[PDB]
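Chains as they are written, first to last, in the deposited numbering: chain E, 2004 to 2052; chain D, 2346 to 2394.
Positions of the beta carbon are idealized from the N, C-alpha and C atoms, including for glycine.
Read through the structure below, which is laid out as structure tokens, and then see the notes.
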């Protein structure tokens, strides 16, 4: 009587389902980087044409 | 890559060398020899005789 059950202890009020929050999806993206050139070496002038 | 390295070394260390032509007379060389100075045509005629 105190816990509001039946004669055999079965609950008189149906327990709520408590539907979960459920998982979510994941995402990824691209990443870039930048660089410069190398020092220009003075070409040793040959004799050819 | 080895061939390109060879070509690079060739075309960098290439140097047009000075070309010199010298005329040498055997008779005068033998006549002005430091050690055994002698007449070339005289010795030739002696050896032929």
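Return the CA-CA distance between residue 2377 of chain D and residue 2367 of chain D, expressed in angstroms with no decimal places.
17 Å
In chain D, what lies closer than 9 Å to residue 2044 of chain E by C-beta?
Within 9 Å Cβ-Cβ: nothing; residue 2044 of chain E doesn't reach chain D, min ~12 Å.
In angstroms, rounded to a whole number, what distance separates the CA positions of residue 2031 of chain E and residue 2356 of chain D?
52 Å
Unbroken alpha helix (DSSP H) run spanning residue 2354 of chain D, endpoints
2347-2358
Note down the Cα distance separating residue 2379 of chain D from residue 2394 of chain D, rounded to an integer number of angstroms.
27 Å
Residues of the stretch 2004-2033 of chain E in Cβ contact with chain D at a cutoff of 8 Å, in chain order, please.
none
With 7 Å as the C-beta to C-beta threshold (strictly closer), list the residues of the stretch 2354-2373 of chain D near chain E in chain order.
2356, 2357, 2359, 2361
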